[PDB]
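Before any comments, here is the structure.
Methodologically, a virtual Cβ is constructed for each residue, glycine included, from the backbone with ideal geometry; neighbour enumeration extends over all protein chains shown. Derivation of every value follows stated rules applied to the coordinates shown; laboratory data play no part.
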Amino acid sequence: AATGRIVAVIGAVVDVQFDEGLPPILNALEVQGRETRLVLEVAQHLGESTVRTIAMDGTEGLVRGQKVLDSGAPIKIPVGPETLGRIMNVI
Amino acid sequence: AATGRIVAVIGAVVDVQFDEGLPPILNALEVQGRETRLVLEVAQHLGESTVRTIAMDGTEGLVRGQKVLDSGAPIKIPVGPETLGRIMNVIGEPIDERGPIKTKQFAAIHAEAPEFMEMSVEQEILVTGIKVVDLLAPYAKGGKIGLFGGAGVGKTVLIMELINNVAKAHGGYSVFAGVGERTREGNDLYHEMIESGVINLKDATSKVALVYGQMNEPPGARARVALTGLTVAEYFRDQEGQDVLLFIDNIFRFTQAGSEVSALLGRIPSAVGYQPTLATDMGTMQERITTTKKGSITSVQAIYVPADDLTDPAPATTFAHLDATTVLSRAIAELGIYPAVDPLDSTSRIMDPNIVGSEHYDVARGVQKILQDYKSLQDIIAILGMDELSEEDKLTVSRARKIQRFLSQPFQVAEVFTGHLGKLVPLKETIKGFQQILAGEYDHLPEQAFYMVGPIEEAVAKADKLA
Amino acid sequence: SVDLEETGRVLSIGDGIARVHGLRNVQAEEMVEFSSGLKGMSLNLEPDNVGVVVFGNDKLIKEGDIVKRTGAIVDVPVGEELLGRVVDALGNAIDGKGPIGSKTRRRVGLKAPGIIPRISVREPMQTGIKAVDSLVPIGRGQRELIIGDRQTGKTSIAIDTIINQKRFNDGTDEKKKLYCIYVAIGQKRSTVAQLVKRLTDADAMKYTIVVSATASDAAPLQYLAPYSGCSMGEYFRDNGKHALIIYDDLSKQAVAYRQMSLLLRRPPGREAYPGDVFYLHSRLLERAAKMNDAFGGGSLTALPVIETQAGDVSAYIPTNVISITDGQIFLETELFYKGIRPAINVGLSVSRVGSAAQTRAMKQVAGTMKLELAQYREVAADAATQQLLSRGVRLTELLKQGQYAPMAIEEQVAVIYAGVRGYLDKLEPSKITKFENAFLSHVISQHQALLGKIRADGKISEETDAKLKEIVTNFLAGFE
Amino acid sequence: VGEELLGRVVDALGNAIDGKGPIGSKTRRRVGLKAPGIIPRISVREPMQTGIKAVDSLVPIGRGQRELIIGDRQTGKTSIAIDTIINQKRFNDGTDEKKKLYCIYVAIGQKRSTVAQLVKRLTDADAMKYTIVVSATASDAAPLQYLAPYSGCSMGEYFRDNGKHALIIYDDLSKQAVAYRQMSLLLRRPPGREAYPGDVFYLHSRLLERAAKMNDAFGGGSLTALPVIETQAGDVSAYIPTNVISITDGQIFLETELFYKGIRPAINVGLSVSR
Ligand SMILES: Nc1ncnc2c1ncn2[C@@H]1O[C@H](COP(=O)(O)OP(=O)(O)OP(=O)(O)O)[C@@H](O)[C@H]1O
Ligand SMILES: Nc1ncnc2c1ncn2[C@@H]1O[C@H](COP(=O)(O)OP(=O)(O)OP(=O)(O)O)[C@@H](O)[C@H]1O
Ligand SMILES: Nc1ncnc2c1ncn2[C@@H]1O[C@H](COP(=O)(O)OP(=O)(O)O)[C@@H](O)[C@H]1O
Ligand SMILES: [Mg+2]
Ligand SMILES: [Mg+2]
Ligand SMILES: [Mg+2]
């Protein structure tokens, strides 16, 4: 699980740069240092070990340099017979 | 003369870099190391000793670093009296499997238009045997003619009828150029011209030459065939004193093929995706097909309108290069009137009393006025009905509906799939037949008797049988 | 310690296009292979890098991957071992029956033959539908279009056409057999599965090949499919055999090509379509022809299918295609709703070349029907007018068929003869169908010899005419 | 510039193309100049006669005015100007110089044979002795078609400043804008509506403002203009026509339905105005 850094924030699009390794497309990332979860989904491989993602929640108060984490797989959700009678969001 | 190296290949556009001896624009280049000849044409000088070219054939298998050689002159084709009865292509190679073409001289494709002091201003008439054209918008000798129509309305049947009626009796030569059409039609034309006797394979008495590039060719080729036809058309006009007939099929494909390469050349599109240089390059080509103080050329061209639209930029700039117009309509073809020529949208330059005579002009203006009046009652008839009209309006409706039928005619080239017999009317009979209808002498006949007949005498007999 | 003449590294991946650094000896339009098993096509050769089009999903390609050359222009397996197999757009089997034992390969993109190697259409192409074989005949080497709205009955015509050929293919004469190829673009898999089951039940998967590119597949795979089938069809044409190909939907291919073009940032035009849409179909439909004797005598026939919105035939693509084919068949929706099935508009449907290739008997019995139908149409909007209407209604009743049931030519000839002679002007218009069925059954089960005679001779002789009259009048008298 | 150009046919830069010989001129003048201001002008007071019954009685035209001719294709726009040019013979063949008028014809985008027939029609009525023809046909480069009208206005301005009167005609102003659009796009300038440049209005506004009537302190000369516009399927609410409608002082409308009902010339008197 490599760690990257935020380098650009324009609306609801975020760019992350990785020193080693590179997450494949349609993967989920985790942003560190917030009171609530904030996941990002990979869309493209711009180049120079940089990727372009989209945000699944609000994007304000982020700083150019915050650390990010790679989950290793696309979004996973609970599945089973205990989901009957409950409410869940996208993630 | 000099050698270069291929630097980039994208689609039908190739860039070459020359160490020394930069070629000028419009020269031809040859590729080294291929089974079949491949020729390139210079279009731009980019800078840093690099040029941008356009290919005339497929560009699959090319590798960066390959060698390109210079020729030193534009594309040249064999021209002379030995091209009669043969078939050529874009770069003048025989495709009729009969050996090489042994002419004495050659000529370059690109030239310049005739000057202002070489123009002729004589005007005459040409008789075709078709009622609508002769009565309403007659043709002329040594002029330009255009045929507008959508898809499936019948331009090429009319072109073949005009060939059958005019070409055979002509004393001069003829040239047929086919651009962006079906191949099987070309094969049919070749075989029927062999059968008729225009093309003779055992002597030197042929009177037609053929140049073809069809819709299975890359866009580079289809943008250059019409000039190949124009060159062989011009040789018979300048060097020899002869009258020439030139038929071009779907000159619209000359314009469309030019916009498929405009994007790759790095330009800003202007309107509806067309290239910015749309009128100037059409004017360059059209001004060469003229009549000068050395000979005459008569042109018949077929034009295409996309999505039945007459305001499209491509067919809307060709109206200014014509002396006679014939517009075809799908709505008329739906009603079963063939040919589907619109009588309120066709013009000619020689429709004046001092050329065609007073009587012809009066008859044409009367029939056009009657046709116009009936069109202004459509809204009331479509809702309220025929009963609301007075007597005079009913009379005008009946006479206009009778006149509409009499403009149709059976063609000889369509006998195979229609079960009829072809007809050919002289001019005087048409004038007199329309005078008689305008005078009201046939108000006691049913309107179905004026359908698909020739001279007026056939209407009374068909009415008599249909008692 | 890597070479850059036959190896490359991905520099960027996204929007379908992948840019590779290296490959300095690659050729234009050459197949290249990635490190995950996918394959691509070289499109743009630039001074610094190469543009590649991926034939698959793009989540399997990552920056840094290694790309290698293959050394050939895009080609597909061709042969006669493909008969009875379901393959994808590149030739990989998806039916789980084992690998294909092909021995020859052919390029996907090749130019069509020219003027000299061609000849006119002379041989007939039998369908089994009375309306088509009587009013819009088709010959071997012709392009005919099937146009209409959604849920009108376009696919059923092709499905019926394929089944009929079993009669000739199971015989002895080798100059009357026809092979068939079916291409599916942008459909749903379940429909294809049900279609192949239907074909299997009637023993028609012994001379058929299926190519499939469904909705879930990527755009380039739905763009390459028709040419791949065309090459497999062209195999037979150059070896003195006959074939047939059916493109399910060219509109979806046009949509896929438009998607591909826009992501490359090319100038849009009318309806946001690129300006090279015409060439895309002009190349494909020019590769069906009729070769002459010196070149072998083979043939290839094509039947494209196009869908319209609210019966608008003055659009961009429908008008583009009409200016290419040699005739069209119109299917209407009002006739389909009221009950007339197949719903063919006789006024608009036309064939330019099929008329020459038609059996003499069918021509003899069809011309009169055509004229009478024209008169009935003209008077539809005294005694003679009533007679015209009375004939027209029954003639309309005759031209109705069910589904998955082709007919032979002689039976159609007899049925049409009965109507055209006016023998059925007494039965109520609601009883025509039962009489047709009973008469056909009686004729098949009791004579069979007059049918054999008509088939062998190819013409209705006078004696045959008298015998037909005898049979029809007797059965009609006994109809009750 | 000068009056040695009468009876000659010249291109957009003042070169003879009729085969006579060199032009002996002594003066030159820039093509881009400013129109007269407010002080040197005076009101319009004198008539300009054409010879058309439906124009001289319902839509009169004065000297120093601008009037627009607008319609579809094949309606009769050219013949009005051709008739207007011919009518002036009865005044030029006279004595007093206060009722003479000189004529200038400019052709933009047309083919050569039409211009040859027009010149032949003019020369058989003895009218070339007081006319100048400036031509830039369809085979010429775009800059020449873009530059042609100003080069003719600058020739017309010579008579205006020496106490004489003149008339000018710009045939198919619609074909100058396409050449301007082609020339601007190849210079990598951003497009606008229908890819026209951002200032097509200023292209014609600075041109049609140069016709004026001068007062006695400056000589008393005048200059009159008659532009021509073509519309697609009788659509007068397009982009280009609306610009030029709001500049001139009046317009004459031509229609096809009146043309086919025997009303020739097809002037719509219910809409034509003259301010
Ligand atoms: N001759 C016929 N008799 C009875 N039903 C018919 C006949 N022809 C077609 N149908 C019915 O019409 C329906 C549509 O069939 P089909 O798939 O051929 O139409 P389509 O217009 O090609 O459809 P889609 O646009 O969805 O591909 C089916 O339910 C089929 O059973
Ligand atoms: N008063 C008239 N009487 C008879 N015919 C006329 C009259 N005025 C014009 N015409 C005819 O109308 C036709 C078109 O005239 P003209 O050449 O002036 O049209 P236009 O508007 O300049 O067309 P285009 O757009 O082709 O340049 C010609 O055939 C001309 O003879
Ligand atoms: N004079 C005519 N008589 C009868 N049918 C005609 C005639 N002209 C055209 N058609 C119809 O048009 C079809 C041919 O159209 P075509 O000439 O190829 O159109 P286009 O020239 O626009 O390609 C024929 O199938 C025929 O049914
Ligand atoms: Mg055609
Ligand atoms: Mg279907
Ligand atoms: Mg004019």
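Data for the structure
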{"read-out": "Net dipole in debye of region C:343-480 [+1 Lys, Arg Cβ; -1 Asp, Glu Cβ; about Cα centre; nearest 20]", "value": "340"}
{"read-out": "Percent breakdown of C-alpha pair distances by 5 Å bin, ordered from the shortest bin, for region C:374-421", "value": "5, 17, 24, 21, 14, 11, 7, 2, 0"}
{"read-out": "Pair C:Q151, C:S216: separation of 7 Å Cα→Cβ label points (nm)", "value": "2.5"}
{"read-out": "Fraction of beta bridges assigned by DSSP in chain C that are antiparallel (%, nearest 5)", "value": "60"}
{"read-out": "Where a label projected 7 Å from the Cα of A:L69 along Cα→Cβ would reach, residues of region A:15-31 with amide N under 16 Å", "value": "A:28-31"}
{"read-out": "Bridge type composition, region B:98-247 - antiparallel percent by DSSP, nearest 5", "value": "0"}
{"read-out": "Cβ-based net charge around C:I94, under 14 Å, with every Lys or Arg adding one and every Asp or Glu removing one", "value": "0"}
{"read-out": "Peptide D:248-261, shielding by other chains (average Cβ, 10 Å cutoff)", "value": "2"}
{"read-out": "Estimated distance in nm for a label pair at D:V273 and D:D235, the labels positioned 7 Å out from Cα along Cα-to-Cβ", "value": "2.4"}
{"read-out": "Entries in D:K89/D:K164; B:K141/D:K53; A:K67/C:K62; D:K26/D:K77; B:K168/B:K428 that, when Cα-Cα distance is taken, lie over 25 Å", "value": "B:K141/D:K53; D:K26/D:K77"}
{"read-out": "Residues C:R266 and A:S49, FRET efficiency given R0 of 22 Å [Cβ-Cβ distance, rounded to 0.05]", "value": "0.15"}
{"read-out": "Fraction of beta bridges assigned by DSSP in the protein assembly as shown that are antiparallel (%, nearest 5)", "value": "55"}
{"read-out": "Sorted by Cβ density within 10 Å, fewest first, the residues D:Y170, B:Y361, D:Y239", "value": "D:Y239, B:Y361, D:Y170"}
{"read-out": "Under 26 Å from C:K97, Cα to Cα: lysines that are on another chain or at least 8 residues apart", "value": "C:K39, C:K166, C:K188, C:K197, C:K206"}
{"read-out": "Largest-first principal axis extents, alpha carbons of region C:14-111, Å", "value": "46, 32, 19"}
{"read-out": "Dipole magnitude of chain C about its Cα centre (Cβ charges: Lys, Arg +1; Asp, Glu -1), debye to nearest 20", "value": "380"}
{"read-out": "Sites matching trypsin sites (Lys or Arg not before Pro) across region A:47-76 that sit in DSSP coil, with at most 13 neighbouring C-beta atoms within 10 Å", "value": "A:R64, A:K76"}
{"read-out": "Shielding of D:114-123 by partner chains, average beta-carbon count, 10 Å", "value": "2"}
{"read-out": "Separation in nanometres of the label points that stand 7 Å from Cα toward Cβ, at C:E33 and B:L22", "value": "4.5"}
{"read-out": "Straight-distance crosslink candidates among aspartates and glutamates, where the alpha carbon sits under 12 Å from D:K129 and sequence neighbours closer than 8 are dropped", "value": "D:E3, D:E4, D:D93"}
{"read-out": "Most to least packed among B:459-467, C:229-237, D:4-12 [average Cβ atoms within 10 Å]", "value": "C:229-237, D:4-12, B:459-467"}
{"read-out": "Cα-based shape type of the protein assembly as shown, given that a ≥ b ≥ c are square roots of the gyration tensor eigenvalues and the cut on a/c is 1.5", "value": "oblate"}
{"read-out": "Within 10 Å of each Cβ in B:109-119, the average number of Cβ atoms from other chains", "value": "4"}
{"read-out": "Computed helical MRE - 222 nm, chain C, DSSP H runs ≥ 4 contributing -39500 (n - 2.57), nearest 500", "value": "-11500 deg cm²/dmol"}
{"read-out": "Listed pairs C:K154/C:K176; B:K293/D:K111; D:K34/D:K213; C:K431/C:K453; C:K111/C:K177 exceeding 19 Å between Cα atoms", "value": "C:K154/C:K176; C:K431/C:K453; C:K111/C:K177"}
{"read-out": "Order of C:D160, D:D249 - criterion: other Cβ atoms within 10 Å of each residue's Cβ, fewest first", "value": "D:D249, C:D160"}
{"read-out": "q = 0.19, 0.20, 0.22 Å⁻¹: log10 I(q)/I(0) that the Debye formula gives for region C:92-218, counting C-alpha atoms only", "value": "-1.47, -1.52, -1.54"}
{"read-out": "Contact order normalised by residue count of region C:393-456, Cα under 8 Å, 6+ apart, percent", "value": "48"}
{"read-out": "Convex hull of chain C built on C-alpha atoms - directionally averaged projected area, nm²", "value": "27.4"}
{"read-out": "Neighbour-count order for D:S113, D:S246, fewest beta carbons within 10 angstrom listed first", "value": "D:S246, D:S113"}
